[PDB]
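Student: Sequence plus experimental coordinates follow:
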Amino acid sequence: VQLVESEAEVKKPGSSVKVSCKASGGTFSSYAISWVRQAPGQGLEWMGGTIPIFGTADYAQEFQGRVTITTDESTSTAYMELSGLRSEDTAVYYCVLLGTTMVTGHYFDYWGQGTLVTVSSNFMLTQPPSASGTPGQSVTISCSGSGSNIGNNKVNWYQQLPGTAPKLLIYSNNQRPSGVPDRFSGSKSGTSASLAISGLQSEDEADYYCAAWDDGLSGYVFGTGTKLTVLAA
Ligand SMILES: Cc1ccc(S(=O)(=O)N(C)CC(=O)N2CCN(c3ccccn3)CC2)cc1
């Protein structure tokens, strides 16, 4: 299952940009599509999403009246338009495919490699800025929220290696996608969630982000992100 995003673009301030996301090895109609951006060296920010079969969409509050998300069901293509562009809109804009796996019936998400848009703050869950350990140690990364988010909604965790798209590490608080080793585990209780990493390896050095829906915003919220350093000491 594959995602083609349109090419990088340089835009003038005040213009609008329309990014495409074309899916492969399937329609498309049994899934949802979310858009998430990341300014250089910064965290992850949800823009909006759509469910193609219903033709409905929802947009993050801070972009209301600026983002338009649409879908062409026949061609398996989703589009995000952002108008009134400014410097602050410089970012990598990611297409995310999400829903339920055929047969096994569990959650999955897949991120595209993103489209760089170059031109010319929002609620986030709380995470420590950094963590560290040496090979073979354990570490825990915390994520604090409130009733309307972590308290009532499923927490996901994402791993971001430098120069790569985020990747799903934990879903539904504590479930591991196939391919993620058992030394990663997730937990949540009340308004807090935690990612535990056993048997630390140098390749685990990355940024880790927790995330959940927030009932008050009616939008998806990411944590501030934690840079994990593995000290080959
Ligand atoms: C009327 C209407 C239509 C469509 C949408 S929606 O596409 O935003 N959506 C399915 C909500 C939702 O539960 N998400 C989307 C955000 N999520 C994301 C987004 C990015 C990465 C991971 N997870 C999953 C939960 C909301 C309302």
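Tutor: Sure, I can see it. Numbers count the residues shown, from 1 in each chain.

Student: what does this protein put close to the ligand?
Tutor: Residues of the chain that fall close to the ligand, judged by CB under 6 Å from any ligand atom: 32, 34, 36, 46, 49-51, 56-58, 96, 98, 109, 213, 220. In short, each C-beta sits where N, CA and C put it, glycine included.

Student: Tell me which of those residues fall in strands.
Tutor: Judged by DSSP state E, the residues of the chain next to the ligand include 32, 34, 36, 46, 49-51, 56-58, 96, 98, 109, 213, 220 as members of strands.

Student: what's the domain layout of this protein?
Tutor: Following curated CATH domains, the chain resolves into domains at 1-122, 123-224.

Student: Adding mean neighbour count as columns, could you present those in TSV?
Tutor: Compiled in TSV, the domains of the chain are given as follows (neighbours: other CB atoms under 10 Å):
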stretch	mean neighbour count
domain 1-122	16
domain 123-224	18
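
Student: Find the nearest non-adjacent residue to residue 146, please.
Tutor: Nearest residue to residue 146, sequence neighbours excluded (CB to CB, 6 or more residues apart in numbering): residue 191, at 5.4 Å.

Student: wait, that neighbour sits on residue 148?
Tutor: No: applying CB atoms under 8 Å, one finds residue 191 not in contact with residue 148, separated by 9.4 Å.

Student: Show me what the helix or strand residue 22 falls within packs onto, helices and strands only.
Tutor: When elements are assigned from DSSP states H and E, residue 22 belongs to strand 17-24. In terms of contacts (3 or more CB pairs under 8 Å, 6 or more residues apart in numbering; DSSP states H and E), strand 17-24 is packed against strand 2-5, strand 9-11, strand 31-38, strand 77-82, strand 91-100, strand 115-119.
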